$ cat run21.pdb   # PDB, C-alpha atoms (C1' of nucleotides) and all ligand atoms
ATOM      1  CA  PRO B 101       0.000   0.000   0.000
ATOM      2  CA  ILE B 102       2.741   2.433   1.062
ATOM      3  CA  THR B 103       0.499   5.521   1.476
ATOM      4  CA  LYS B 104       1.517   9.194   1.565
ATOM      5  CA  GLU B 105       3.142   8.821   4.991
ATOM      6  CA  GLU B 106       5.613   6.844   2.875
ATOM      7  CA  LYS B 107       5.399   7.707  -0.813
ATOM      8  CA  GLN B 108       5.336  11.417  -0.019
ATOM      9  CA  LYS B 109       8.025  10.932   2.613
ATOM     10  CA  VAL B 110      10.442   9.520   0.062
ATOM     11  CA  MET B 111       9.698  12.214  -2.529
ATOM     12  CA  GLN B 112      10.131  14.939   0.058
ATOM     13  CA  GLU B 113      13.546  13.410   0.630
ATOM     14  CA  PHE B 114      14.843  12.872  -2.880
ATOM     15  CA  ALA B 115      13.142  15.895  -4.445
ATOM     16  CA  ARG B 116      15.529  18.342  -6.120
ATOM     17  CA  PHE B 117      13.253  21.220  -5.053
ATOM     18  CA  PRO B 118       9.923  21.881  -3.155
ATOM     19  CA  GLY B 119       7.452  20.307  -5.559
ATOM     20  CA  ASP B 120       9.627  17.810  -7.362
ATOM     21  CA  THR B 121       7.690  14.625  -7.858
ATOM     22  CA  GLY B 122       9.084  13.207 -11.067
ATOM     23  CA  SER B 123      12.818  13.945 -11.380
ATOM     24  CA  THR B 124      14.535  10.600 -12.173
ATOM     25  CA  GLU B 125      15.968  10.569  -8.664
ATOM     26  CA  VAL B 126      12.488  10.646  -7.115
ATOM     27  CA  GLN B 127      11.408   8.294  -9.867
ATOM     28  CA  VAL B 128      14.175   5.831  -9.014
ATOM     29  CA  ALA B 129      13.875   6.152  -5.247
ATOM     30  CA  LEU B 130      10.200   5.396  -4.908
ATOM     31  CA  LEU B 131      10.890   2.811  -7.614
ATOM     32  CA  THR B 132      13.343   1.152  -5.253
ATOM     33  CA  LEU B 133      10.757   1.563  -2.470
ATOM     34  CA  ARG B 134       8.131  -0.772  -3.933
ATOM     35  CA  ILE B 135      10.755  -3.100  -5.322
ATOM     36  CA  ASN B 136      11.669  -4.008  -1.732
ATOM     37  CA  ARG B 137       8.111  -3.688  -0.477
ATOM     38  CA  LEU B 138       7.429  -6.561  -2.881
ATOM     39  CA  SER B 139      10.675  -8.441  -2.626
ATOM     40  CA  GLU B 140       9.505  -8.932   0.938
ATOM     41  CA  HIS B 141       6.034  -9.951  -0.266
ATOM     42  CA  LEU B 142       7.264 -12.670  -2.606
ATOM     43  CA  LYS B 143       8.950 -14.300   0.419
ATOM     44  CA  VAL B 144       5.793 -14.969   2.463
ATOM     45  CA  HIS B 145       4.132 -16.078  -0.782
ATOM     46  CA  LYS B 146       6.695 -18.130  -2.683
ATOM     47  CA  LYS B 147       3.889 -19.524  -4.834
ATOM     48  CA  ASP B 148       2.823 -16.137  -6.292
ATOM     49  CA  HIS B 149       5.114 -16.129  -9.345
ATOM     50  CA  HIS B 150       2.740 -13.906 -11.311
ATOM     51  CA  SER B 151       3.748 -10.970  -9.087
ATOM     52  CA  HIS B 152       7.386 -11.722  -9.799
ATOM     53  CA  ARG B 153       6.736 -10.603 -13.405
ATOM     54  CA  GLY B 154       6.560  -7.039 -12.180
ATOM     55  CA  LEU B 155       9.436  -7.474  -9.770
ATOM     56  CA  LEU B 156      11.440  -7.988 -12.943
ATOM     57  CA  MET B 157       9.837  -5.127 -14.842
ATOM     58  CA  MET B 158      10.288  -2.628 -11.983
ATOM     59  CA  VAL B 159      13.921  -3.752 -11.668
ATOM     60  CA  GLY B 160      14.626  -3.196 -15.362
ATOM     61  CA  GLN B 161      12.956   0.202 -15.327
ATOM     62  CA  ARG B 162      15.070   1.184 -12.311
ATOM     63  CA  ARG B 163      18.264   0.215 -14.101
ATOM     64  CA  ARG B 164      17.268   2.066 -17.311
ATOM     65  CA  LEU B 165      16.607   5.332 -15.478
ATOM     66  CA  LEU B 166      19.917   4.976 -13.620
ATOM     67  CA  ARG B 167      21.833   4.340 -16.849
ATOM     68  CA  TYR B 168      20.166   7.426 -18.321
ATOM     69  CA  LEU B 169      21.140   9.594 -15.354
ATOM     70  CA  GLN B 170      24.669   8.140 -15.503
ATOM     71  CA  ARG B 171      25.320   9.592 -18.967
ATOM     72  CA  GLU B 172      23.670  12.969 -18.567
ATOM     73  CA  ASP B 173      24.718  13.653 -14.992
ATOM     74  CA  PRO B 174      27.459  11.478 -13.421
ATOM     75  CA  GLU B 175      27.748  13.553 -10.265
ATOM     76  CA  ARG B 176      24.068  13.031  -9.470
ATOM     77  CA  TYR B 177      24.397   9.331 -10.322
ATOM     78  CA  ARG B 178      26.813   8.523  -7.520
ATOM     79  CA  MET B 179      24.736  10.694  -5.214
ATOM     80  CA  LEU B 180      21.540   8.805  -6.001
ATOM     81  CA  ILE B 181      23.110   5.332  -6.077
ATOM     82  CA  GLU B 182      23.737   6.034  -2.393
ATOM     83  CA  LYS B 183      21.015   6.359   0.240
ATOM     84  CA  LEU B 184      19.950   3.124  -1.476
ATOM     85  CA  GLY B 185      23.113   1.470  -2.802
ATOM     86  CA  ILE B 186      23.465  -0.244  -6.183
TER      87      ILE B 186
ATOM     88  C1'   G Q   1      25.855  -5.343 -27.259
ATOM     89  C1'   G Q   2      23.112  -4.621 -31.618
ATOM     90  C1'   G Q   3      19.335  -2.072 -35.051
ATOM     91  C1'   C Q   4      15.928   1.873 -35.566
ATOM     92  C1'   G Q   5      14.201   6.702 -33.136
ATOM     93  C1'   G Q   6      10.443  13.500 -30.902
ATOM     94  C1'   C Q   7      10.482  19.208 -32.102
ATOM     95  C1'   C Q   8      13.706  23.846 -32.457
ATOM     96  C1'   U Q   9      19.138  25.354 -32.943
ATOM     97  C1'   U Q  10      23.759  30.008 -35.423
ATOM     98  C1'   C Q  11      25.449  23.119 -32.622
ATOM     99  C1'   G Q  12      26.895  26.372 -27.684
ATOM    100  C1'   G Q  13      22.032  24.997 -26.286
ATOM    101  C1'   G Q  14      16.445  25.155 -26.022
ATOM    102  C1'   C Q  15      11.720  22.401 -25.699
ATOM    103  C1'   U Q  16       7.735  19.259 -24.551
ATOM    104  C1'   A Q  17       3.661  16.505 -28.046
ATOM    105  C1'   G Q  18       6.584  10.396 -26.588
ATOM    106  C1'   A Q  19       8.102   7.653 -22.147
ATOM    107  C1'   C Q  20       8.147   7.711 -17.089
ATOM    108  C1'   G Q  21       6.748   9.780 -12.405
ATOM    109  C1'   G Q  22       2.565  12.597  -9.060
ATOM    110  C1'   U Q  23      -2.759  12.907  -8.295
ATOM    111  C1'   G Q  24      -7.467  11.261  -9.089
ATOM    112  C1'   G Q  25     -10.670   7.687 -11.401
ATOM    113  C1'   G Q  26     -12.256   2.969 -14.033
ATOM    114  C1'   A Q  27     -12.831  -2.303 -15.949
ATOM    115  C1'   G Q  28     -11.543  -6.811 -14.075
ATOM    116  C1'   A Q  29     -13.455 -14.314 -14.204
ATOM    117  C1'   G Q  30      -4.432 -11.853 -12.596
ATOM    118  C1'   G Q  31      -1.960 -14.299  -8.855
ATOM    119  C1'   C Q  32      -0.882 -16.059  -3.652
ATOM    120  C1'   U Q  33      -3.233 -16.767   0.798
ATOM    121  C1'   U Q  34      -3.800 -18.468   8.378
ATOM    122  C1'   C Q  35      -9.749 -16.626   4.349
ATOM    123  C1'   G Q  36      -7.800 -12.164   7.355
ATOM    124  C1'   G Q  37      -5.142 -10.175   3.486
ATOM    125  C1'   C Q  38      -0.727  -9.377   0.525
ATOM    126  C1'   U Q  39       0.114  -8.197  -3.909
ATOM    127  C1'   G Q  40       1.291  -7.907 -10.412
ATOM    128  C1'   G Q  41      -0.525  -5.804 -14.441
ATOM    129  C1'   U Q  42      -4.138  -2.965 -17.257
ATOM    130  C1'   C Q  43      -7.175   1.373 -19.299
ATOM    131  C1'   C Q  44      -8.634   7.165 -18.298
ATOM    132  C1'   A Q  45      -7.990  12.300 -16.855
ATOM    133  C1'   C Q  46      -4.893  16.554 -15.585
ATOM    134  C1'   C Q  47      -3.250  20.507 -18.671
ATOM    135  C1'   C Q  48       1.290  18.875 -11.877
ATOM    136  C1'   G Q  49       6.924  16.885 -12.322
ATOM    137  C1'   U Q  50      11.370  14.945 -15.118
ATOM    138  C1'   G Q  51      12.911  16.223 -20.132
ATOM    139  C1'   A Q  52      13.486  11.547 -25.451
ATOM    140  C1'   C Q  53      15.075   9.060 -20.131
ATOM    141  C1'   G Q  54      12.225   5.560 -26.183
ATOM    142  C1'   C Q  55      10.648   1.169 -29.556
ATOM    143  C1'   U Q  56      13.063  -3.394 -31.109
ATOM    144  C1'   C Q  57      16.166  -8.817 -31.503
TER     145        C Q  57
HETATM  146  K     K R 201      -0.956 -10.846 -16.041
HETATM  147 MG    MG R 202       6.085  -4.348 -23.115
HETATM  148 MG    MG R 203      20.504  19.121 -24.484
HETATM  149 MG    MG R 204       3.270   1.652 -15.827
HETATM  150 MG    MG R 205      -9.047   2.945  -7.552
HETATM  151 MG    MG R 206     -10.251 -11.263  -4.851
HETATM  152 MG    MG R 207      -3.935  -3.923  -6.077
HETATM  153 MG    MG R 208       2.686  17.328 -17.427
HETATM  154 MG    MG R 209      18.921  19.009 -19.900
HETATM  155 MG    MG R 210      17.394  10.927 -29.640
HETATM  156 NA    NA R 211      10.601  25.117 -30.046
HETATM  157 NA    NA R 212      11.985   2.829 -33.413
END
$ encode --input "run21.pdb" --output "structure tokens" --more "lines below"
Ligand SMILES: [K+]
Ligand SMILES: [Mg+2]
Ligand SMILES: [Mg+2]
Ligand SMILES: [Mg+2]
Ligand SMILES: [Mg+2]
Ligand SMILES: [Mg+2]
Ligand SMILES: [Mg+2]
Ligand SMILES: [Mg+2]
Ligand SMILES: [Mg+2]
Ligand SMILES: [Mg+2]
Ligand code: NA
Ligand code: NA
Amino acid sequence: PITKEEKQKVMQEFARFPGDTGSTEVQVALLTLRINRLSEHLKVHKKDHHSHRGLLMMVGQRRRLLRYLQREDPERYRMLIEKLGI
RNA sequence: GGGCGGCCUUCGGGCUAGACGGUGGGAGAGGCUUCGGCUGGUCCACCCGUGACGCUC
């Protein structure tokens, strides 16, 4: 579920400025937030499988944004890859 | 890795129409499950955010 007391909390942390909600960093962060939030899920329910499909999709998406931000803005890439760790 | 890709530009750099994110909706014979839930995807809107971040073996 996550909720604002989570999804907004992350954004308010990775935002590049007071209203940022879609800046690659924010996009990656909250992307890494539900990736875990579901890695954990899959454990309790090892028979789900179907949900793993997205685990894979989310993971790919996260790596494609990161690669993008690694070309256009190296500095910011190391920054972001921290507070989360790649 | 490969192949093919938006607009403008005096090539320095701009920009949003794509994609993604935020928010708010919808449809559903998804899946797992102490049956109490946990969860994947999917389609819309806006005229919010990033700014081609894409599509393809
Ligand atoms: K499915
Ligand atoms: Mg696809
Ligand atoms: Mg440029
Ligand atoms: Mg999506
Ligand atoms: Mg709803
Ligand atoms: Mg049900
Ligand atoms: Mg759900
Ligand atoms: Mg917009
Ligand atoms: Mg730029
Ligand atoms: Mg291009
Ligand atoms: Na223009
Ligand atoms: Na193409």
$ closest_residue --input "run21.pdb" --among "Q:36, Q:24, Q:54, Q:31" --to "chain B" --atoms "all atoms listed in the file"
Q:31
$ residues_around --input "run21.pdb" --residues "residue 55 in chain Q" --least-positions-apart "2" --cutoff "12 Å" --atoms "all atoms listed in the file" --output "PyMOL selection string"
chain Q and resi 3-5+18-19+52+57
$ write_last_selection --input "run21.pdb" --atoms "C-alpha atoms (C1' of nucleotides)" --output "PDB file, in the coordinates of the input"
ATOM      1  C1'   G Q   3      19.335  -2.072 -35.051  1.00  0.00           C
ATOM      2  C1'   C Q   4      15.928   1.873 -35.566  1.00  0.00           C
ATOM      3  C1'   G Q   5      14.201   6.702 -33.136  1.00  0.00           C
ATOM      4  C1'   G Q  18       6.584  10.396 -26.588  1.00  0.00           C
ATOM      5  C1'   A Q  19       8.102   7.653 -22.147  1.00  0.00           C
ATOM      6  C1'   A Q  52      13.486  11.547 -25.451  1.00  0.00           C
ATOM      7  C1'   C Q  57      16.166  -8.817 -31.503  1.00  0.00           C
TER       8        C Q  57
END
$ atom_distance --input "run21.pdb" --atom1 "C1' of residue 20 in chain Q" --atom2 "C1' of residue 8 in chain Q"
23.0 Å
$ closest_residue --input "run21.pdb" --among "Q:29, Q:1, Q:6, Q:49" --to "ligand MG 210 (chain R)" --atoms "all atoms listed in the file"
Q:6
$ atom_distance --input "run21.pdb" --atom1 "CA of residue 151 in chain B" --atom2 "CA of residue 139 in chain B"
9.8 Å
$ resolve_selection --input "run21.pdb" --expression "the PyMOL selection byres ((chain Q) within 9 of (chain B))" --output "list in words"
residues 20, 21, 22, 30, 31, 32, 33, 38, 39, 40, 41, 48, 49, 50 and 53 of chain Q
$ atom_distance --input "run21.pdb" --atom1 "CA of residue 114 in chain B" --atom2 "CA of residue 143 in chain B"
28.0 Å
$ closest_residue --input "run21.pdb" --among "B:102, B:173, B:116, B:156" --to "ligand MG 209 (chain R)" --atoms "all atoms listed in the file"
B:173
$ axis_aligned_box --input "run21.pdb" --around "range 26-29 of chain Q" --padding-each-side "4 Å" --output "AutoDock Vina command-line options"
--center_x -12.5 --center_y -5.7 --center_z -15.0 --size_x 9.9 --size_y 25.3 --size_z 9.9
$ residues_near_ligand --input "run21.pdb" --ligand "ligand MG 203 (chain R)" --cutoff "10 Å" --atoms "all atoms listed in the file" --output "PDB file with C-alpha atoms (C1' of nucleotides), keeping the file's coordinate frame"
ATOM      1  CA  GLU B 172      23.670  12.969 -18.567  1.00  0.00           C
TER       2      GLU B 172
ATOM      3  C1'   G Q  13      22.032  24.997 -26.286  1.00  0.00           C
ATOM      4  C1'   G Q  14      16.445  25.155 -26.022  1.00  0.00           C
ATOM      5  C1'   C Q  15      11.720  22.401 -25.699  1.00  0.00           C
ATOM      6  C1'   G Q  51      12.911  16.223 -20.132  1.00  0.00           C
TER       7        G Q  51
END
$ closest_residue --input "run21.pdb" --among "Q:44, Q:23, Q:28, Q:37" --to "residue 104 in chain B" --atoms "only C-alpha atoms (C1' of nucleotides)"
Q:23
$ closest_residue --input "run21.pdb" --among "B:140, B:158, B:132, B:171" --to "ligand MG 209 (chain R)" --atoms "all atoms listed in the file"
B:171
$ closest_residue --input "run21.pdb" --among "Q:35, Q:7, Q:27, Q:17" --to "ligand MG 208 (chain R)" --atoms "only C-alpha atoms (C1' of nucleotides) and all ligand atoms"
Q:17
